[PDB]
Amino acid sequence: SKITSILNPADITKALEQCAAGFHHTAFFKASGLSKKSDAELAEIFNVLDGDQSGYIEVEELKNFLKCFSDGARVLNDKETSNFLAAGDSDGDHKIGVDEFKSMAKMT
């Protein structure tokens, strides 16, 4: 998909392995290559993470973030999910919008 076209599978594997002892978004975004992608590439990624095309990554989607990169990956636990949301959700609506996703990828 766009994921495996935009990102290198080997980088995805690194980022997934890094999750074994706990998910940290900055480490994941670095390993995966997300923090090197352009504005426009990040919007494309956002659209495929937004499974229901709501315009947002809701918390229920965010729990399944790793599965967007590999379907067999684990779910995030509640601590992981809440910290990730907290990092991204600057406008206070408890979901991640396209602008917030770009900002989280490049400026954290």
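Position 1 is the first residue in the sequence shown; the rest follow in order.
Asker: Report the stretch with the higher mean CA temperature factor, choosing between 36 to 44 and 57 to 65 on the basis of the entry.
Answerer: Mean CA B-factor is higher for 36 to 44.
Asker: Using only C-alpha atoms and the B-factors in the entry, which stretch averages higher, 87 to 95 or 16 to 24?
Answerer: It is 87 to 95 that shows the higher mean C-alpha B-factor.
Asker: Among all modelled residues of this chain, ranked by Cα B factor, put residue 71 in the bottom, middle or top third, i.e. lowest, middle or highest.
Answerer: Answer is highest: the recorded C-alpha B-factor places it there.
Asker: Split the chain's modelled residues into thirds by Cα B-factor; is residue 52 in the lowest, middle or highest one?
Answerer: Residue 52: CA B-factor falls in the middle third of its chain.
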